[PDB]
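Here the structure comes first, spelled out in structure tokens, and everything after it is commentary.
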Number of protein chains: 2
Amino acid sequence: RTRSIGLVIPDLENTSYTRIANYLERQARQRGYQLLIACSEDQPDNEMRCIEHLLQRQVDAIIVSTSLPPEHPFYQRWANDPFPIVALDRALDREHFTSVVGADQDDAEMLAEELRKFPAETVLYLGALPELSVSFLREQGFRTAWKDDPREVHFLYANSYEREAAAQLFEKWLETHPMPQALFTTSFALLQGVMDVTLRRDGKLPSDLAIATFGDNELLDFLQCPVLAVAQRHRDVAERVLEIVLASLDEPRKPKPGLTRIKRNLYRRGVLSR
Amino acid sequence: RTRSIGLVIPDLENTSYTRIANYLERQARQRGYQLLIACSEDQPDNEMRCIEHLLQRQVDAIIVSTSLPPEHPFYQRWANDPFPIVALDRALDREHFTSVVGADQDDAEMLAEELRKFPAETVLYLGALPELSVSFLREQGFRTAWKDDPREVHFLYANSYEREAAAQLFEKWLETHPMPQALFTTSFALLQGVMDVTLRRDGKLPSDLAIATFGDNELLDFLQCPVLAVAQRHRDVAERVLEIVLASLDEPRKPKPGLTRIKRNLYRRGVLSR
């Protein structure tokens, strides 16, 4: 017992991971628990050796945001081990591990439901990598809220979740199709890309466009148009992850394996903050 | 020998501290150490107990962004002690400790000298807490670059490095004077404060105001006026700190005690971005 918990995440560069790490650090310190941050750079081999380096340092538990294909046999080593691995953001084997993930589907529905209330003839759904779950979960939540609505929705998918990729595709798409009144993006990076194109061409970012995006930024309040944004309950996430770590260490018999979900918060910015 | 280093910072929320922490863990992991983060919340009492805790966990060295004044009696305990204690951002005793700090005067002048080149008449320096060391140096640097300039500079000073303090003051000042043609802020928060009121009044962020700020943000690119931004070399700072940590462990002597000013990088945004 070193009264310490390993936390493996991609990097402390992403605000989402950092804010959760922030809330978790102040959470853990509060109970005389140290937190050991070992980043993977989202590389599988790095993660595996970040794990053992925590084990070498007599860590009491690990919290992981795994980059492996979860089933990958590495974590099946601790499948029936009382040593607790608690997953964050990206789930582990749902039969041998507790995982705190988000509720992308219900989130995407809520956000989509809200955007639809805005008048707009032409609508554009912009995502990326529909092969992935986060991409599909979000599309499904959206399609759910736009089921019996008459309006046609143009769907457009980029090769990656990047600013440049979105910029290129949206610009190419503007040749055939015209500018939309309503927009739905599944990451902030996509919206950036779309905005770059609108700053080009127009010179002026829009004041006649309902924006709806995943991820949140406070600087969206300066925009001249209505924007809707969803972001994680970073603190509420941290609480739940830690409660499970403590339950496994303290209580007799660990919590049930499987997913537990936490919904995002909606934010009305741009003109909706006035 | 645990092969571990303790970091003590205010929080994992401030951009600069997190980015520095990011580039520091990635470096520390490579050299084969494990950072332990302990946040003071910028409270003296907390800061002190953190160091008690980290020391108790057999840590090899500590990096600190201290909340205490440079020659506080608490850190005189390790003044002639060979156990390394390196200082980040906020400097410790300038003769018994080595401090990796910024070049606020140099950076201010550089940024100021750049801002001058635009054709403005009414230029406004907005700062906060003038008597503080950091506030002083930035006022100092600015005056150097606007020494022989034959143009007035109304200096305005908020009573906190905060957004609403800046806004109130500026809008109350905007009664007595007309709109500046150039502008110089001493933090990002003060720039926020100014833009809030400019978004009021005008209902639109300016397109003709030459802007110079401390602290960077990519989203400044979307502005439609000239923008100059200056921010830390997180990676340089991080790796140059850690170099001193290892030199203190390995080399038969402790390196020169004193300040090592690392200069900030300049970026161009708004219309300058495109």
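Each chain in the structure tokens gets a letter, A, B, ..., in the order shown, and its residues are numbered from 1; ligands are numbered from 1 in order too.
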
Per residue of segment 76-146 of chain A within 8 Å of segment 217-233 of chain A, record the nearest atom pair and its distance in Å to one decimal, counting only C-alpha atoms, with rows in chain order and ascending residue number, as a Markdown table.
```
| residue | atom | partner | partner_atom | distance |
| --- | --- | --- | --- | --- |
| A:102 | CA | A:232 | CA | 7.9 |
| A:107 | CA | A:230 | CA | 7.5 |
| A:111 | CA | A:228 | CA | 7.1 |
| A:114 | CA | A:228 | CA | 7.9 |
| A:115 | CA | A:228 | CA | 7.3 |
```

Chain A contacts on chain B, only C-alpha atoms, 6 Å, as a ChimeraX atom specification: /B:12,22,36

Strand (DSSP E) residues, from DSSP on the backbone, in segment 202-262 of chain A, as a ChimeraX atom specification: /A:210-214,226-231,258-262

Could you write out the selected residues, including N, CA, C and O atoms, as an mmCIF file, in the first residue's frame?
```cif
data_model
loop_
_atom_site.group_PDB
_atom_site.id
_atom_site.type_symbol
_atom_site.label_atom_id
_atom_site.label_comp_id
_atom_site.auth_asym_id
_atom_site.auth_seq_id
_atom_site.Cartn_x
_atom_site.Cartn_y
_atom_site.Cartn_z
ATOM 1 N N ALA A 210 -27.184 28.708 -37.376
ATOM 2 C CA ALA A 210 -27.309 27.966 -36.133
ATOM 3 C C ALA A 210 -26.226 26.888 -36.086
ATOM 4 O O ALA A 210 -26.253 25.946 -36.874
ATOM 5 N N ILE A 211 -25.270 27.051 -35.164
ATOM 6 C CA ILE A 211 -24.172 26.112 -35.008
ATOM 7 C C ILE A 211 -24.485 25.185 -33.835
ATOM 8 O O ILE A 211 -25.019 25.620 -32.818
ATOM 9 N N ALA A 212 -24.152 23.902 -34.006
ATOM 10 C CA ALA A 212 -24.290 22.904 -32.960
ATOM 11 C C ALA A 212 -23.082 21.973 -33.026
ATOM 12 O O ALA A 212 -22.847 21.344 -34.055
ATOM 13 N N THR A 213 -22.312 21.905 -31.933
ATOM 14 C CA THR A 213 -21.012 21.254 -31.964
ATOM 15 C C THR A 213 -20.759 20.473 -30.677
ATOM 16 O O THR A 213 -21.267 20.830 -29.616
ATOM 17 N N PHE A 214 -19.965 19.401 -30.801
ATOM 18 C CA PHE A 214 -19.402 18.706 -29.654
ATOM 19 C C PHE A 214 -18.142 19.432 -29.203
ATOM 20 O O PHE A 214 -17.471 20.078 -30.007
ATOM 21 N N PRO A 226 -26.148 32.291 -33.239
ATOM 22 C CA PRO A 226 -26.483 31.371 -32.153
ATOM 23 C C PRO A 226 -25.673 30.082 -32.261
ATOM 24 O O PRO A 226 -25.601 29.494 -33.339
ATOM 25 N N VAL A 227 -25.064 29.655 -31.147
ATOM 26 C CA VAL A 227 -24.313 28.411 -31.118
ATOM 27 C C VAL A 227 -24.771 27.577 -29.922
ATOM 28 O O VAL A 227 -25.071 28.114 -28.857
ATOM 29 N N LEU A 228 -24.815 26.255 -30.131
ATOM 30 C CA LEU A 228 -25.145 25.284 -29.102
ATOM 31 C C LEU A 228 -23.960 24.331 -28.962
ATOM 32 O O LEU A 228 -23.404 23.900 -29.968
ATOM 33 N N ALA A 229 -23.568 24.021 -27.719
ATOM 34 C CA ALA A 229 -22.343 23.273 -27.472
ATOM 35 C C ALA A 229 -22.507 22.350 -26.266
ATOM 36 O O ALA A 229 -23.138 22.725 -25.281
ATOM 37 N N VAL A 230 -21.906 21.153 -26.356
ATOM 38 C CA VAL A 230 -21.967 20.157 -25.297
ATOM 39 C C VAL A 230 -20.547 19.805 -24.858
ATOM 40 O O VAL A 230 -19.654 19.653 -25.691
ATOM 41 N N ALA A 231 -20.362 19.671 -23.537
ATOM 42 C CA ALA A 231 -19.079 19.306 -22.958
ATOM 43 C C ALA A 231 -19.291 18.476 -21.695
ATOM 44 O O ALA A 231 -20.350 18.532 -21.078
ATOM 45 N N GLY A 258 -18.853 -3.506 -16.196
ATOM 46 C CA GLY A 258 -19.738 -2.949 -17.206
ATOM 47 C C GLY A 258 -19.644 -1.428 -17.272
ATOM 48 O O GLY A 258 -18.929 -0.807 -16.486
ATOM 49 N N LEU A 259 -20.393 -0.842 -18.213
ATOM 50 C CA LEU A 259 -20.311 0.580 -18.498
ATOM 51 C C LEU A 259 -21.221 1.356 -17.550
ATOM 52 O O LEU A 259 -22.315 0.903 -17.219
ATOM 53 N N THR A 260 -20.734 2.521 -17.112
ATOM 54 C CA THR A 260 -21.556 3.538 -16.476
ATOM 55 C C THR A 260 -21.338 4.846 -17.231
ATOM 56 O O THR A 260 -20.206 5.181 -17.571
ATOM 57 N N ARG A 261 -22.430 5.569 -17.499
ATOM 58 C CA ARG A 261 -22.400 6.687 -18.428
ATOM 59 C C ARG A 261 -22.696 7.991 -17.693
ATOM 60 O O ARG A 261 -23.379 7.997 -16.670
ATOM 61 N N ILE A 262 -22.153 9.091 -18.229
ATOM 62 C CA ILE A 262 -22.399 10.423 -17.702
ATOM 63 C C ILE A 262 -22.679 11.360 -18.875
ATOM 64 O O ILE A 262 -21.917 11.410 -19.838
#
```

Which value, in Å to one decimal, gives the distance between atom CA of residue 118 of chain A and atom CA of residue 271 of chain A?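 One can read the atom CA of residue 118 of chain A to atom CA of residue 271 of chain A distance as 13.1 Å.
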
Residue list (alpha helix (DSSP H), DSSP) for segment 127-229 of chain A, as a VMD selection string: chain A and resid 133 to 145 163 to 176 188 to 199

Take the residues from that selection and write them out as a CSV table (one decimal), in the first residue's frame, keeping C-alpha atoms.
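Saved as selection_32.csv:
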```csv
chain,number,residue,atom,x,y,z
A,133,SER,CA,-18.6,4.1,-32.5
A,134,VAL,CA,-18.3,7.7,-31.2
A,135,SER,CA,-19.1,8.8,-34.8
A,136,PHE,CA,-22.0,6.4,-35.2
A,137,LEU,CA,-23.4,6.8,-31.7
A,138,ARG,CA,-23.6,10.6,-32.4
A,139,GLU,CA,-25.1,10.1,-35.8
A,140,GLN,CA,-27.8,7.8,-34.3
A,141,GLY,CA,-28.7,10.3,-31.6
A,142,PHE,CA,-29.0,12.9,-34.3
A,143,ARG,CA,-31.1,10.8,-36.6
A,144,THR,CA,-33.3,10.0,-33.6
A,145,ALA,CA,-34.2,13.7,-33.1
A,163,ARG,CA,-9.3,21.1,-39.1
A,164,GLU,CA,-7.6,20.8,-42.5
A,165,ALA,CA,-9.6,17.8,-43.6
A,166,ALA,CA,-12.9,19.5,-42.8
A,167,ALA,CA,-11.8,22.7,-44.5
A,168,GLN,CA,-11.0,20.9,-47.7
A,169,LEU,CA,-14.2,18.8,-47.9
A,170,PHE,CA,-16.6,21.6,-46.9
A,171,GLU,CA,-14.9,24.0,-49.4
A,172,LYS,CA,-15.2,21.3,-52.2
A,173,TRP,CA,-18.8,20.6,-51.1
A,174,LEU,CA,-19.7,24.4,-51.4
A,175,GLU,CA,-19.2,24.1,-55.1
A,176,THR,CA,-22.0,21.6,-55.7
A,188,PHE,CA,-14.6,21.3,-32.2
A,189,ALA,CA,-11.8,20.7,-34.8
A,190,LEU,CA,-14.4,20.1,-37.5
A,191,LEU,CA,-16.1,23.4,-36.7
A,192,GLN,CA,-12.7,25.2,-36.8
A,193,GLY,CA,-12.2,23.9,-40.3
A,194,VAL,CA,-15.7,25.0,-41.3
A,195,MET,CA,-15.1,28.5,-39.8
A,196,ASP,CA,-11.7,28.9,-41.6
A,197,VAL,CA,-13.6,28.5,-44.9
A,198,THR,CA,-16.3,31.0,-43.8
A,199,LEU,CA,-13.6,33.5,-42.7
```

So that I can see what lies close to segment 79-91 of chain A, please list as a VMD selection string the residues with an atom at most 10 Å from it, counting only C-alpha atoms and leaving out residues fewer than 2 positions away in the same chain. chain A and resid 6 to 9 17 59 to 71 73 to 77 93 to 102 134 237 to 238 241 to 242 244 to 249 253 to 254 257 to 261
